[PDB]
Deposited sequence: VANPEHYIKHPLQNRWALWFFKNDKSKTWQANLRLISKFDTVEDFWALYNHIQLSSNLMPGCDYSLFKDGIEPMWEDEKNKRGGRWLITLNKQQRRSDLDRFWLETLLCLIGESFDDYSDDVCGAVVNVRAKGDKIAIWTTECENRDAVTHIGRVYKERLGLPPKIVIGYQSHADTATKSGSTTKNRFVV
């Protein structure tokens, strides 16, 4: 039994974005690799730069295989995102640990039945303040959106003194808050 890699519920794809002004936004999105096992996840995570060490303007994106990390994808166009906004000091304190936790919420299917509503997650490294978001497939499903946001907020360890917002991509305003 000790020779079988541990298969994830889904295959995931990790994307990288670099703000090169000579290309279109979409041409700046690059697929890095895919994995579908625990071991291959850690092999890739241990290979790549921490989000706190990326140049401002880059993104990582982890999405279920077959969902591109853009609003235009069939599974994102009716959806939205749970947004965490980081201040500039939280790049040192919280960015990397929040991001790795977000990645585990995804590959570990941490939102019960509603993990089917998850499309992926995105971290934006920005001089103006970093951002992490979980993208879900349908803003009109209030049960799935709300329960993902409650669990997400607790897995991040945010206190109720903090509130986080859900924004639909079509607007991208707050449609849900937990």
Next on the checklist: No C-alpha coordinates means not modelled. Give me those stretches of the deposited sequence in order.
Outcome noted: 1-4, 177-184
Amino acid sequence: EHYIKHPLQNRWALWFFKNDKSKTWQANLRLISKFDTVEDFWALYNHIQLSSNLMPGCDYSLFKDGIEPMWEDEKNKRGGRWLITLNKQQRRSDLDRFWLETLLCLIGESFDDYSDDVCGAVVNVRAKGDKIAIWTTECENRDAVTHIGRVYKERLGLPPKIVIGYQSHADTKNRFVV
From here on, numbers count along this sequence of modelled residues.
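Each form is matched to the other, and the largest set of C-alpha atoms that superpose within 1.5 Å is called the rigid core.
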Checklist entry - Comparing C-alpha positions in 9 other deposited structures of this protein against this form, with the rigid core used for the fit, which stretch differs more, 117-125 or 22-30? => result 22-30
Checklist entry - Comparing 139-147 with 121-129, which stretch shows the greater average C-alpha B-factor in the deposited entry? => result 139-147
Item to check | 69-77 versus 102-110 - greater average Cα B-factor per the deposited record | outcome: 69-77
Checklist outcome for this item: By the entry's values, the third containing the CA B factor of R155 is the middle
Checklist outcome for this item: For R30, the third of its chain by CA B-factor is the highest
